[PDB]
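Before any comments, here is the structure.
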Ligand SMILES: *[C@@H]1O[C@H](CO)[C@@H](O[C@@H]2O[C@H](CO)[C@@H](O)[C@H](O)[C@H]2NC(C)=O)[C@H](O)[C@H]1NC(C)=O
Ligand SMILES: *[C@@H]1O[C@H](CO)[C@@H](O[C@@H]2O[C@H](CO)[C@@H](O)[C@H](O)[C@H]2NC(C)=O)[C@H](O)[C@H]1NC(C)=O
Ligand SMILES: *[C@@H]1O[C@H](CO)[C@@H](O[C@@H]2O[C@H](CO)[C@@H](O)[C@H](O)[C@H]2NC(C)=O)[C@H](O)[C@H]1NC(C)=O
Ligand SMILES: *[C@@H]1O[C@H](CO)[C@@H](O)[C@H](O)[C@H]1NC(C)=O
Ligand SMILES: *[C@@H]1O[C@H](CO)[C@@H](O)[C@H](O)[C@H]1NC(C)=O
Ligand SMILES: *[C@@H]1O[C@H](CO)[C@@H](O)[C@H](O)[C@H]1NC(C)=O
Ligand SMILES: *[C@@H]1O[C@H](CO)[C@@H](O)[C@H](O)[C@H]1NC(C)=O
Ligand SMILES: *[C@@H]1O[C@H](CO)[C@@H](O)[C@H](O)[C@H]1NC(C)=O
Ligand SMILES: *[C@@H]1O[C@H](CO)[C@@H](O)[C@H](O)[C@H]1NC(C)=O
Ligand SMILES: *[C@@H]1O[C@H](CO)[C@@H](O)[C@H](O)[C@H]1NC(C)=O
Ligand SMILES: *[C@@H]1O[C@H](CO)[C@@H](O)[C@H](O)[C@H]1NC(C)=O
Ligand SMILES: *[C@@H]1O[C@H](CO)[C@@H](O)[C@H](O)[C@H]1NC(C)=O
Ligand SMILES: *[C@@H]1O[C@H](CO)[C@@H](O)[C@H](O)[C@H]1NC(C)=O
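Protein chains in written order, with the deposited numbering: chain Z, 976 to 1147; chain C, 733 to 827, 854 to 1073; chain W, 733 to 780; chain Y, 294 to 342; chain U, 538 to 620, 641 to 676, 689 to 732; chain E, 538 to 585.
Below, the structure written as structure tokens:
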């Protein structure tokens, strides 16, 4: 207690006592300030991360994997909180899945057909082309698939027929 | 995960020194608390960097990966700790009782190897789906077709050049093997980290040999030689000096741990956006268009093998 | 890219002050080490 | 008890789940030993008395 | 463990038969970090290694006092001889029932060992599990495609500012 | 606000009639910082 030292000693040695006290308290203050500075650097890093998430997650739609919630990111909603923010990340997650036999491409007339968007699948007997994130089987035609070269090079090709929409119209 | 016992470091086996030290309040409590926080933070860093897969997938015995050869990154069933070739290279290319202790990491290297194996098997046998949700198998050729579509190159390019791409990938992996086996400095960063810490500790220990203005750096000699009235001042000097040295060491550790936390956050982001998926951020996952990545453990660190696509012959 | 001379700052041109300072051990060399590290970090920042 | 040790070291009557460090176990020295070279040297007091 | 005072030096530690070959004129050893390592006994021409006496932190593993008051004690980095006892790479654990079944880590101990309060109820220490294993039925002409889906809202919390 | 000195304990501050339920043997209170908080008047049986 500084008051006790001032009330109990004259300046000649009160100065030494107060010097010791001042040195101790100054060291404590410096330690506290350094701790605060390092923690503020931590919080600044977290705040930059939060700002980046708000920019690229709320004001848009991030395709960065796992950066905006587990699964495929749909959107985000921000919420305040005492000295922080809370993101509700709305994401799309496939739930029910089925096995299928698949082929990278199919011959029709020697030429090979590759799917524009989606993959070829077979339920055992027939072959469809379905988008790769949701089983939506569609008949294989020349507007779902594009030709390239011939089917002596691709590995794993399977035979099938590629229905052509223009042929029935031409016949009719 | 270093931890220092201030009472034994400052006042090794000396009741009077401890009584004098007890005047300085709660310095030890906050120093020990900071070091404990550092250790906890390191555990959290490793946990978040690696423990990103809900399950532990394992590759099937068949290696019909469209011609791709992963035998240099998948675990070796006949190996010291089920580590892959590149993992073992990384582990082999990186190299007391005075109140200083080294707490063990929560996740042993075997567990980190298992985590990298699970992530790698998921990436190989399911692509990116295993990150989003349930793992959905897919032939590797079709996964690479997805990736090529992802980089604006139509898929037929792959299927017409499948063997060439597989051979090029194998050659690249072999070149990486040779580079890692030949040049030890490649893992510099990791080594550097280790080095720095050691130096810190050494410096701290060397501070026990400084008199800080006292008559001798040895506490016992001061106690046995001088009378208590002046030995008290001498031990006050020694305690101030040793406390200042400890504070400097703790502050340096805090700053270096902030650096390492930033590095670990960057590594976690890279693993999430690079391995579990396919990044479209330029120069964030290797020079060129990014195709995929493979993680590999390392002592207190991670190593990404970035597989990327680079146009070569221009007309 | 600052750099501070510990001995010359604390004990500018004085043998006795330097001899008293060197009793504290490595309280000076590590400051120079840190500042050189800072300078190298700046150069690496610019090059990156 | 160690639980009370944790209670005081945290300055609270209630402790949340976790692992805390409270003190240091150190084996104490059972006895003391003093070692010096052989007392070969001898002052010539026998000559005088 | 003895408190010793050789010719001019004093310290505390355990003296053990050494493996070094001191020169005929060397007395006190020294480690790399300017620490006494071995000494030459003044009477017997034998070199004694000085290993400082065992010590380590005493961690108290506890479930929250709200639920129960039973605790376990971990003596860090010591054998269980110098103290239902578990010898782990982290040290000696007392009061923890060692089980074989793996579970998610609750109170981390170290070296892959975590402790927790579980069922009649007691504290157990176990090698933490990384998750249920699984095998993907991968084959060169098989693809698994989803048929349904779920919209999941997750929660990510980030601190922004201090006081 | 006055410069007070009770039985040798010196301080500066305002003295306000306190509602604290001091026990008959307690002479004065303290704050967590080891500083006086409330005192019982030596001359009058009052706590402030
Ligand atoms: C695979 O899908 C095809 C197309 O839906 C199935 O073929 C049809 O089966 C229904 C009976 O469920 C018939 O009414 C249609 O005439 C069939 N169409 C064709 C073009 O064949 C086929 O049965 C399915 N196979 C399996 C094993 O489920
Ligand atoms: C898809 O059908 C064609 C027929 O149009 C198959 O081509 C035949 O291949 C055999 C070799 O297995 C040859 O002996 C025949 O001469 C080929 N026929 C023609 C008309 O070229 C082709 O093999 C089938 N694909 C698969 C995977 O069985
Ligand atoms: C994947 O590549 C590795 C080498 O990069 C192959 O292993 C080699 O196999 C040959 C033939 O038995 C041996 O002579 C070499 O010594 C092996 N090298 C190593 C490093 O093991 C491996 O066989 C390849 N995988 C497949 C499926 O072919
Ligand atoms: C696909 O077949 C495998 C057989 O190896 C089976 O284990 C798996 O459950 C099947 N997929 C689904 C969605 O049932
Ligand atoms: C796929 O693997 C089977 C063995 O299970 C083999 O018979 C078949 O030829 C393979 N197909 C391709 C395209 O490699
Ligand atoms: C294209 O033409 C320029 C000059 O017109 C020439 O310098 C360049 O080498 C050419 N590109 C290639 C690939 O040869
Ligand atoms: C010291 O004296 C003891 C007996 O008192 C003897 O055994 C020992 O050899 C002596 N040592 C030397 C170096 O003379
Ligand atoms: C003198 O000799 C006697 C033996 O009679 C012996 O006891 C004594 O110690 C000797 N004096 C001194 C000073 O050594
Ligand atoms: C303590 O446990 C009770 C259940 O008996 C629960 O209602 C309460 O919220 C718990 N308190 C804390 C602080 O965990
Ligand atoms: C603990 O015991 C093991 C074998 O029981 C032994 O190898 C080890 O040296 C002991 N620990 C110490 C500090 O001596
Ligand atoms: C655990 O399994 C080992 C064999 O792997 C056995 O020796 C030990 O008794 C078992 N302990 C318990 C508690 O089941
Ligand atoms: C998808 O899951 C929901 C459960 O939320 C279920 O009600 C629905 O029938 C499922 N759809 C299909 C096609 O199975
Ligand atoms: C003297 O002090 C006593 C007790 O402190 C008190 O009761 C009394 O009134 C005081 N006398 C005067 C004249 O104030």
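Even for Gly, the Cβ is constructed at its ideal location relative to N, Cα and C.
CB of residue 718 of chain U to nearest heavy atom of ligand 12: below 8 Å?
In the fifth chain, residue 718 of chain U corresponds to position 149, counting from 1. Yes, Cβ of residue 718 of chain U sits closer than 8 Å to a heavy atom of ligand 12.
Whole angstroms is fine: what's the gap from residue 659 of chain U's alpha carbon to residue 695 of chain U's?
Taking the first residue of the fifth chain as position 1, residue 659 of chain U is located at position 102. Taking the first residue of the fifth chain as position 1, residue 695 of chain U is located at position 126. Answer to the nearest angstrom: the Cα atoms are 6 Å apart.
Starting from residue 728 of chain U, find everything on chain Z with Cβ-Cβ shorter than 7 Å and list it in chain order.
One-based indexing of the fifth chain puts residue 728 of chain U at position 159. Correct list: 1018, 1021, 1058 and 1059.
With a threshold of 8 Å (Cβ to nearest heavy atom), would residue 1106 of chain Z be considered close to ligand 12?
As a working note, residue 1106 of chain Z is residue 131 in the first chain. Not under cutoff, so the answer is no.
Kindly give me the distance between the Cβ atoms of residue 1029 of chain Z and residue 1053 of chain Z, rounded to whole angstroms, as I take these residues to be in contact under 8 Å.
For the purposes of this step, residue 1029 of chain Z is taken as residue 54 along the first chain, with counting starting at 1. For the purposes of this step, residue 1053 of chain Z is taken as residue 78 along the first chain, with counting starting at 1. The Cβ separation is near 6 Å, so the contact holds.
Secondary structure at residue 715 of chain U, three-state DSSP: helix, strand or coil?
Against the fifth chain, residue 715 of chain U aligns to sequence position 146. Residue state, collapsed to three classes: strand.
Below 8 Å, how does it come out for the region 935 to 953 of chain C and the region 310 to 325 of chain Y: are there three or more Cβ pairs, yes or no?
no
For residue 574 of chain E, does the three-state DSSP call read helix, strand or coil?
As a working note, residue 574 of chain E is residue 37 in the sixth chain. Secondary structure of residue 574 of chain E (DSSP, three-state): strand.
Which whole-angstrom value is the C-beta distance of residue 742 of chain C and residue 938 of chain C, which I expect to be below 8 Å?
If you number the second chain from 1, residue 742 of chain C lands on position 10. If you number the second chain from 1, residue 938 of chain C lands on position 180. Actually they do not touch by this definition, with Cβ atoms about 44 Å apart.
Can you tell me whether DSSP reads residue 542 of chain E as helix, strand or coil?
Position 5 of the sixth chain, counted from the first residue, corresponds to residue 542 of chain E. In this structure, residue 542 of chain E counts as strand in the three-state DSSP scheme.
So what's residue 888 of chain C in DSSP terms, helix, strand or just coil?
Walking along the second chain from the start, residue 888 of chain C turns up at place 130. Three-state DSSP puts residue 888 of chain C in a helix.
Buried or exposed for residue 737 of chain C, please, with buried defined as at least 16 other CB atoms from any protein chain shown within 10 angstroms of its CB.
Locating residue 737 of chain C in the second chain gives position 5, where the first residue counts as 1. With 16 or more Cβ atoms within 10 Å of its Cβ, residue 737 of chain C is classed as buried.
Using only the alpha-carbon positions, how far apart do residue 553 of chain E and residue 993 of chain Z sit?
Within the sixth chain, residue 553 of chain E is the residue found at index 16, counting from 1. Within the first chain, residue 993 of chain Z is the residue found at index 18, counting from 1. Residue 553 of chain E and residue 993 of chain Z: Cα-Cα distance of roughly 30 Å.
Cross-chain neighbours of residue 968 of chain C in chain W, by beta carbon under 7 Å:
Position 210 of the second chain, counted from the start, is the residue given in the question as residue 968 of chain C. Near residue 968 of chain C (Cβ distances below 7 Å), the residues of chain W are 755, 756 and 757.
Distance cutoff 9 Å, beta carbons only. Does residue 1107 of chain Z sit that close to anything in chain U?
Here residue 1107 of chain Z corresponds to residue number 132 of the first chain, with the count starting at 1. At least one chain U Cβ lies under 9 Å of residue 1107 of chain Z.
Should residue 820 of chain C be flagged as near chain Y, meaning a C-beta pair shorter than 9 Å?
One-based indexing of the second chain puts residue 820 of chain C at position 88. No, residue 820 of chain C does not count as interfacial toward chain Y.
Whether residue 555 of chain U touches residue 585 of chain U by CB criterion (9 Å):
As a first step, residue 555 of chain U is located in the fifth chain; it is residue number 18 there, counting from the start. As a first step, residue 585 of chain U is located in the fifth chain; it is residue number 48 there, counting from the start. A contact, by the Cβ cut-off of 9 Å.
Could you confirm whether any beta carbon from chain W is found closer than 9 Å to the beta carbon of residue 974 of chain C?
Numbered from 1 along the second chain, position 216 holds the residue referred to as residue 974 of chain C. Cβ-Cβ to chain W under 9 Å: no for residue 974 of chain C.
Does the distance from the CB of residue 957 of chain C to the CB of residue 999 of chain C come in under 9 Å?
In the second chain, counting from the first residue as 1, residue 957 of chain C sits at position 199. In the second chain, counting from the first residue as 1, residue 999 of chain C sits at position 241. The answer is no: Cβ separation not under 9 Å.
Which residues, in chain order, does the region 596 to 619 of chain U contribute to contact with chain Y at a C-beta distance below 9 Å?
596, 597, 598, 599, 600, 601, 602, 603, 604, 606, 607, 608, 609, 610, 611, 612, 613, 615 and 619
Closest to residue 1133 of chain Z by C-alpha separation, out of Z/1117, Z/1122, Z/1096 and Z/978, would be which residue?
The sequence position of residue 1133 of chain Z within the first chain is 158, counting from 1. With distances taken between Cα atoms, residue 1133 of chain Z lies closest to Z/1096.
Does any CB atom of chain Y fall closer than 9 Å to the CB of residue 902 of chain C?
In the second chain, the residue the question calls residue 902 of chain C occupies position 144. No, residue 902 of chain C does not count as interfacial toward chain Y.
Less than 9 Å between the C-beta atoms of residue 1065 of chain Z and residue 1048 of chain Z, yes or no?
In the first chain, residue 1065 of chain Z corresponds to position 90, counting from 1. In the first chain, residue 1048 of chain Z corresponds to position 73, counting from 1. For residue 1065 of chain Z and residue 1048 of chain Z, yes; Cβs fall inside 9 Å.
On the criterion of 16 or more Cβ atoms from any shown chain inside 10 Å, does residue 879 of chain C qualify as buried, or is it exposed?
The count along the second chain starts at 1 and reaches residue 879 of chain C at position 121. So residue 879 of chain C counts as buried.
Residues that residue 779 of chain W contacts on chain C, provided the C-beta gap is smaller than 8 Å
For the purposes of this step, residue 779 of chain W is taken as residue 47 along the third chain, with counting starting at 1. Simply none; closest approach about 15 Å.
Along chain Z, which residues have their Cβ under 8 Å away from the Cβ of residue 547 of chain E?
Translated into the one-based positions of the sixth chain, residue 547 of chain E becomes position 10. Within chain Z, the residues near residue 547 of chain E are 978, 979, 981 and 982.
For residue 759 of chain C, count the other beta carbons within 10 Å of its own beta carbon; 16 or more makes it buried, fewer makes it exposed. Which is it?
Reading the second chain from its first residue, position 27 is the one you call residue 759 of chain C. Its Cβ being crowded by 16 or more others within 10 Å, residue 759 of chain C is buried.
Contact with chain C by residue 703 of chain U, beta-carbon distance below 9 Å
Within the fifth chain, residue 703 of chain U is the residue found at index 134, counting from 1. Closer than 9 Å: yes.
Does any C-beta atom of chain A lie closer than 9 Å to the C-beta of residue 809 of chain C?
The structure shown contains no chain A; its protein chains are Z, C, W, Y, U and E.
In chain Z, what lies closer than 8 Å to residue 1025 of chain C by C-beta?
Here residue 1025 of chain C refers to the residue found at position 267 when the second chain is read from its first residue. The contacting residues do not exist; residue 1025 of chain C stays about 13 Å from chain Z at best.
Contacts around residue 1046 of chain C, its chain only, beta-carbon distance under 7 Å, and the 5 residues preceding and following it disregarded:
Residue numbering aside, residue 1046 of chain C sits at position 288 when the second chain is read from its first letter. For residue 1046 of chain C, where only same-chain residues beyond five positions count, the Cβ hits under 7 Å are 1066, 1067 and 1068.
Would residue 949 of chain C pass as an interface residue toward chain W - the criterion being a Cβ-Cβ separation below 9 Å?
Position 191 of the second chain, counting from 1, holds the residue named residue 949 of chain C. By this cut-off, residue 949 of chain C is not an interface position.
Sort C/921, C/864 and C/883 by Cα distance to residue 698 of chain U and report the nearest one.
Mapped onto the fifth chain, residue 698 of chain U falls at position 129. When each option's Cα is compared against that of residue 698 of chain U, the closest is C/864.
So residue 709 of chain U packs on residue 897 of chain C, CB below 8 Å; how close in whole Å?
The sequence position of residue 709 of chain U within the fifth chain is 140, counting from 1. The sequence position of residue 897 of chain C within the second chain is 139, counting from 1. Indeed they touch by this definition, with Cβ atoms about 5 Å apart.
Less than 8 Å between the CB atoms is what I'm expecting for residue 304 of chain Y and residue 601 of chain U, so what's the real figure, rounded?
Indexing the fourth chain from 1 puts residue 304 of chain Y at position 11. Indexing the fifth chain from 1 puts residue 601 of chain U at position 64. Cβ atoms of residue 304 of chain Y and residue 601 of chain U stay farther apart than 8 Å, at about 17 Å.
What does DSSP give as the partner residue(s) for residue 912 of chain C in the beta ladder?
In the second chain, counting from the first residue as 1, residue 912 of chain C sits at position 154. Residue 912 of chain C pairs with nothing; no bridge assigned.
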